[PDB]
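Data block below; observations after.
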Amino acid sequence: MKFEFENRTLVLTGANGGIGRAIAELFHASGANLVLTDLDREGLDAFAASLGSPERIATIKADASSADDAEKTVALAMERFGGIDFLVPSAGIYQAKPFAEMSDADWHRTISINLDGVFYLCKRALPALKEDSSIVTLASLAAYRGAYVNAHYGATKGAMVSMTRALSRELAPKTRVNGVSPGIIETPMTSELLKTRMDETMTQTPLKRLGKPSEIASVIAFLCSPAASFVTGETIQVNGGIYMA
Amino acid sequence: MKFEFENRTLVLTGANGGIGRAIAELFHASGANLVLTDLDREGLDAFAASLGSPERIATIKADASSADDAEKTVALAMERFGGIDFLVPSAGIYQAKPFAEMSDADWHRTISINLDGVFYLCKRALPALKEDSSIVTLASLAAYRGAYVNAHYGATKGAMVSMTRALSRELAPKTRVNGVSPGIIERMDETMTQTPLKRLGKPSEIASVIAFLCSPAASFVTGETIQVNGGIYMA
Amino acid sequence: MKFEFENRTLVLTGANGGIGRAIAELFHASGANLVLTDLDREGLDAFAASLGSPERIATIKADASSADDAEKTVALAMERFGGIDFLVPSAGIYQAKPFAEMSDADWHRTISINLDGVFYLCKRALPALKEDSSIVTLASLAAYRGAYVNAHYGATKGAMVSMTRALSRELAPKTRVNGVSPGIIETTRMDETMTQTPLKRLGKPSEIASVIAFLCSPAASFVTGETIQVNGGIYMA
Amino acid sequence: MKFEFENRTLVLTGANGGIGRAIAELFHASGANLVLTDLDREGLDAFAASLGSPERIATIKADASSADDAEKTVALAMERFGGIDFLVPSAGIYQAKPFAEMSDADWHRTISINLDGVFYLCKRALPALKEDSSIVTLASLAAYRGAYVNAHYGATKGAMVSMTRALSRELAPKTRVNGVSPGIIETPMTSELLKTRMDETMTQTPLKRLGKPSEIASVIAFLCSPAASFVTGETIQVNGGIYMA
Ligand SMILES: NC(=O)c1ccc[n+]([C@@H]2O[C@H](COP(=O)([O-])OP(=O)(O)OC[C@H]3O[C@@H](n4cnc5c(N)ncnc54)[C@H](O)[C@@H]3O)[C@@H](O)[C@H]2O)c1
Ligand SMILES: NC(=O)c1ccc[n+]([C@@H]2O[C@H](COP(=O)([O-])OP(=O)(O)OC[C@H]3O[C@@H](n4cnc5c(N)ncnc54)[C@H](O)[C@@H]3O)[C@@H](O)[C@H]2O)c1
Ligand SMILES: NC(=O)c1ccc[n+]([C@@H]2O[C@H](COP(=O)([O-])OP(=O)(O)OC[C@H]3O[C@@H](n4cnc5c(N)ncnc54)[C@H](O)[C@@H]3O)[C@@H](O)[C@H]2O)c1
Ligand SMILES: NC(=O)c1ccc[n+]([C@@H]2O[C@H](COP(=O)([O-])OP(=O)(O)OC[C@H]3O[C@@H](n4cnc5c(N)ncnc54)[C@H](O)[C@@H]3O)[C@@H](O)[C@H]2O)c1
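Protein chains in written order, with the entry's author numbering: chain D, 1 to 245; chain B, 1 to 186, 197 to 245; chain A, 1 to 187, 196 to 245; chain C, 1 to 245.
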């Protein structure tokens, strides 16, 4: 698959994370413009240098929980490239916190980043969305299988699935809204939990391996591409068969 | 059918609402103890009086979005009845708000009541949950069909479905955690045509499914959210 | 719950099975009339005798894959009790058969019993169904999780879920059509199963019957088209 | 959208149908070898000529309901191209038949073509499937929404969804098994339905249009491509938002 994104503009939050980096690389290689935001301004700027074509790249330090940063992100997209073709709210946190130990602060921090932030970005982006544009949300296996020790994480990822359906109705026919639901992907997000459970996870997985960040990115690219022109409201499971939904 | 909830205690938020009253009514008729909360104390107290078994009913003014009121709600259940058998976080708001017009305040108010509040009640309730207890969440057709002009509402009701699955895992085997997803509960003609059962649902038809999930008839059901919508949508 | 099924009639195939017997026992204890069918006539009659209200029980030898036996089953319900309130096509086979080893006969046998048979029973039952009646199909965890070595079985139980939705539309508002999808029912790999099951036990057949009874009852009067997972949380669908 | 399928072999039943033709065109344009089957061989060969790189196309008259024709189809793929990379059992029938009027013959006809035939093709294909191969089934909106007057059709398409999950477990990791669930597609299958129901369908569809056959083919191609390399067991809704599943 080869994506033709020349002169199409991607806004991607959490761009320095494992899946975020894979998304940026694939879209950049496909000729797209990138507006990358992240809470870690130093890593993002350094990472962007390696992908380097500054004519097609703009970066900004942005907190997913900040409504004003969503406004800055859209204004930068409008100023640099004149609009938005693809919107991907990838920024999120994954905290292991058994429910009996979950503090009110624990709960609010996960909802603010994983859910409120997605609202802020989608809402501020509306005037900048172009014809044939795409929003792609990031759900998770946990929304479908049920989180083991992360009821707040699971809640926000179930919210992603339904929010995708709602916005798919409201922004049609101009904009399509879809999602990707990753399974177990090897990134720093999962590194500590997964180091003693790699064999167990592969044994449970029909494809017998962990997912790669690029295998999430390629599905996001598909959903943004003309190959998905009649797909809207839909969240796709990308988990090697570890779970059937 | 017929439920035997004698000496078992229901905690119900938003108890003065349409579905809320139906739930309180059924569980009360079933012999249960009731701890009812609502933002409208006066309306609630009048309703609770109409059921007339005051020794089995306790009411309190509680804002579903307030963690302090959740603590007071659980303490009241502990004080009057010693624990919680059924926890039903029913309180919620349904605001029609096209997404292009949705304010940050619009968004937060719906998340705070419909989602944060469910976290507060469930978390504070943990020490009070008895053996064989149930949590039953209220999802919505909108979670599955996609809301037409209520993206914040749909988000919170998709969150209920996944949060139900998460807590079912963590609170098992002592407590089962399930949900009910109501359809259209009493352009009516279009709805009748679209509904196989050709009518609107009654609040009593949501309450009876909640009671089923709380009953021993559902003893091997957990994590599950049931569609109660007359066939208007298949999920 | 306690179900009031007096003067209401259940037609149940595979009634001598583990789940089948639990359904019959519950409905009979609830006052219902029973039309029980099974391929094993002697075992069924012995079971039916134990319930002891022979005026409320009628049995017949019937092959679920036989359209003629479906016709005979409904005629028996008509003759003894005048109609059908609850139709539960419970008969099914579960064959372990890795796909690379699956014969054409293996495939056909499972489709014939688990899928063709449900069609024949539902189709022939239509004139006998009463008002406020229910059909409750039996799906399976395998339909949702994906069968490990039973692709034919899994296909038939996915068919149940979609056929339930279809008949729900067509047979409403007179009849509601729903399903129950059992998980792992005691009816080894026990350590593995307990580890994956939040409730930390196998399901009991009586716990499938009580959900079917719920779906047949007025408590489910606004539920149609719906298949309920009854699996102790082993799988979330 | 364009894919790179050179030297990979597609076996496609019902190749002369609306969606079938769109699948064949895309894969051929993408450099694949085609083994096309249909009950209407004159139609198929006439169609096969128009795409014409004829050395990369092999056609055969084959009845999906025949186990022997499935063997002949696989044998042709083996003889001409040495194996099978993509297996797409697209042949199917759609009969409007109210359940109260449905004959036993009606039932068996639909289960035989739409379900037994898929078994015959998948089972006979096993020895010929190559590394990194894909099976992609065709489900339907009817499996999820519930057919209005086609309980046998709805049953077979629900079977596709569950059979896809089962085979993804058994044929992994060598083969991924996925599905596509089309909505309302502009095709002969829907000409009769949409003569009286066109207004309602566009009203109910967020994208406010009928789907095109090519918009099913592009999603099938995605599932066969490396972009879906971590997707198995999965059936994707391609319905313009008319139904959220
Ligand atoms: N296995 C997996 O990694 C997995 C599985 C399922 C779903 N997901 C989801 O996919 C998304 C991306 O995962 P990932 O691998 O990139 O995660 P990650 O933890 O590796 O990276 C997330 C990135 O977001 C940044 N970030 C954190 N808080 C932020 C904030 N307030 N504002 C802005 N940026 C912030 C982090 O610095 C990091 O660069 C997340 O939403 C995650 O929940 C991941
Ligand atoms: N048709 C329906 O009513 C319908 C359909 C689908 C889902 N649901 C869901 O079912 C649940 C119950 O619905 P209902 O019929 O009782 O709704 P309702 O609108 O009739 O209930 C409103 C009640 O909740 C109270 N309330 C409002 N905000 C509150 C707060 N902050 N704290 C405490 N109480 C508060 C109000 O005072 C009132 O008594 C809700 O979660 C709703 O979203 C309802
Ligand atoms: N663990 C489980 O038992 C389980 C799990 C998931 C789903 N289900 C499904 O639930 C349903 C009921 O299961 P069960 O516990 O009764 O199964 P079972 O194997 O205990 O019951 C088999 C019974 O069906 C009868 N039978 C077999 N072939 C028949 C035919 N051709 N015609 C008529 N009767 C026939 C046999 O005589 C026997 O009494 C089945 O459809 C099954 O696939 C069962
Ligand atoms: N709108 C749609 O067309 C639509 C929507 C949802 C799902 N689907 C499914 O997608 C698949 C492809 O549909 P389509 O648009 O190609 O349908 P179609 O009706 O256009 O295809 C008919 C073609 O299949 C052939 N065919 C019929 N019976 C056959 C048999 N026994 N053996 C072999 N070939 C046979 C016919 O000769 C003809 O060439 C089918 O499984 C269909 O159910 C279609």
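Every residue, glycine too, gets a C-beta built ideally from N, C-alpha and C.
When Cβ atoms are compared, which residues of the stretch 222-240 of chain D fall closer than 8 Å to chain C?
If the cut-off is 8 Å between Cβ atoms, the stretch 222-240 of chain D has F222, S225, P226, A227, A228, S229, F230, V231, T232, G233, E234, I236, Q237, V238, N239 and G240 near chain C.
Would you say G17/C and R169/D are within 8 Å of each other, going by their C-beta atoms?
No, they are not a contact pair.
Which residues, in chain order, sit with a beta-carbon under 5 Å away from any heavy atom of ligand 2?
Residues flagged by the Cβ proximity filter: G14/B, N16/B, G17/B, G18/B, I19/B, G20/B, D38/B, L39/B, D40/B, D63/B, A64/B, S90/B, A91/B, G92/B, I113/B, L138/B, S140/B, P182/B and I185/B.
May I ask whether a heavy atom of ligand 1 can be found less than 7 Å away from the beta carbon of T190/D?
Checking the Cβ of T190/D against ligand 1 gives yes.
For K2/B, name the three-state secondary structure that DSSP assigns.
Strand at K2/B.
Distance cutoff 8 Å, beta carbons only. Does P98/A sit that close to anything in chain C?
Chain C, which has a Cβ nearer than 8 Å to the Cβ of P98/A, makes this yes.
Is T187/A near ligand 3, with its Cβ less than 7 Å from a heavy atom?
Yes.
Pick from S134/B, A142/B, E79/B and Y120/B: whose alpha carbon is nearest that of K157/B?
Closest option to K157/B, Cα to Cα, is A142/B.
How would you list, in chain order, the residues of chain C whose beta-carbon sits under 9 Å from the beta-carbon of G146/B?
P206, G241 and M244, listed in chain order.
Identify the residues that DSSP records as bridge partners of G179/B: which are they?
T137/B and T235/B, per the DSSP bridge assignment.
Using 8 Å as the limit for Cβ to Cβ distance, is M1/B near chain A?
Closer than 8 Å to some Cβ of chain A, the Cβ of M1/B qualifies, so yes.
Using the beta-carbon count (16 or more within 10 Å), is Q95/B buried or exposed?
The residue is exposed, with fewer than 16 neighbouring Cβ atoms inside 10 Å.
Answer yes or no: do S65/B and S112/B have a C-beta to C-beta separation smaller than 8 Å?
Yes, the Cβ-Cβ distance between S65/B and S112/B is below 8 Å.
So with CB distances below 7 Å, who are the chain D contacts of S168/B?
Result: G146.
Quick check: the Cα distance between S225/D and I220/C, rounded to an integer number of angstroms?
Whole-angstrom Cα-Cα distance: 14 Å.
Quick one, which residues of the stretch 105-123 of chain A are near chain B if we go by CB-CB under 8 Å, in chain order?
If the cut-off is 8 Å between Cβ atoms, the stretch 105-123 of chain A has nothing near chain B.
Is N7/D buried or exposed, if buried means 16 or more other CB atoms sit within 10 Å of its CB?
That one is exposed.
For the alpha helix (DSSP H) holding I220/C, just list the boundary residues, first then last.
Run containing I220/C: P213 to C224, per the alpha helix (DSSP H) assignment.
Output yes if chain C places a C-beta closer than 8 Å to the C-beta of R176/A; else output no.
Closer than 8 Å: no.
Step through the CB atoms of chain B and report whether any lies within less than 8 Å of the CB of residue 275/D.
Chain D is shown from 1 up to 245; residue 275/D falls before or after that span and cannot be answered.
Please work out which residues of its chain come closer than 8 Å, Cβ to Cβ, to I236/B, disregarding the five sequence neighbours upstream and downstream, and give them in chain order.
These residues qualify, in order along the chain: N178, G179, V180, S181, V219 and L223.
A155/D to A155/B, Cα distance in whole Å?
So the two alpha carbons sit approximately 9 Å from each other.
Mind listing which residues of the stretch 23-37 of chain A have their C-beta closer than 8 Å to chain B's C-betas, in chain order?
Here the close residues number zero.
Please return the same chain residues whose Cβ sits closer than 7 Å to the Cβ of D116/A, not counting the five positions on each side in sequence.
Within the same chain, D116/A has close Cβ partners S65.
Would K130/D pass as an interface residue toward chain B - the criterion being a Cβ-Cβ separation below 8 Å?
Taking Cβ atoms only, chain B never reaches closer than 8 Å to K130/D, which makes this a no.
If you follow the alpha helix (DSSP H) that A48/C is part of, which residue opens it and which one closes it?
It spans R41 to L51 - the alpha helix (DSSP H) in which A48/C sits, taken as one unbroken run.
Does ligand 4 have even one heavy atom less than 7 Å from the beta-carbon of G43/C?
Yes.
For ligand 4, I want to know if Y94/C counts as a neighbour, meaning its beta carbon is within less than 7 Å of at least one of the ligand's heavy atoms.
Within the cutoff, so yes.
Quick check: what's the CA-CA separation for residue 188/A versus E101/D?
In the structure shown, chain A runs from 187 directly to 196, leaving residue 188/A without coordinates.
For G211/D, decide whether its Cβ has a neighbour in chain C, counting only Cβ atoms nearer than 8 Å.
So yes, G211/D belongs to the interface.
Between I19/D and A217/D, how many whole angstroms is the CB-CB distance? I'm expecting something under 8 Å.
Contact flag correct, Cβ pair sits at about 7 Å.
Taking one C-beta from the stretch 72-87 of chain A and one from the stretch 128-138 of chain A each time, how about it: are there three or more such pairs within less than 8 Å?
Verdict: yes, contact present.
State the DSSP-derived secondary structure class of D85/B, mapped to helix, strand or coil.
Reduced to three states, the DSSP call for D85/B is strand.
With 16 other CB atoms within 10 Å as the buried threshold, where does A29/D fall?
Exposed, by the Cβ-count rule.
Starting from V180/A, find everything on chain C with Cβ-Cβ shorter than 8 Å and list it in chain order.
Per Cβ cutoff of 8 Å: no residues; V180/A is ~16 Å from chain C at best.
Could you pull the DSSP bridge partners for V11/C from this structure?
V35/C and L87/C.
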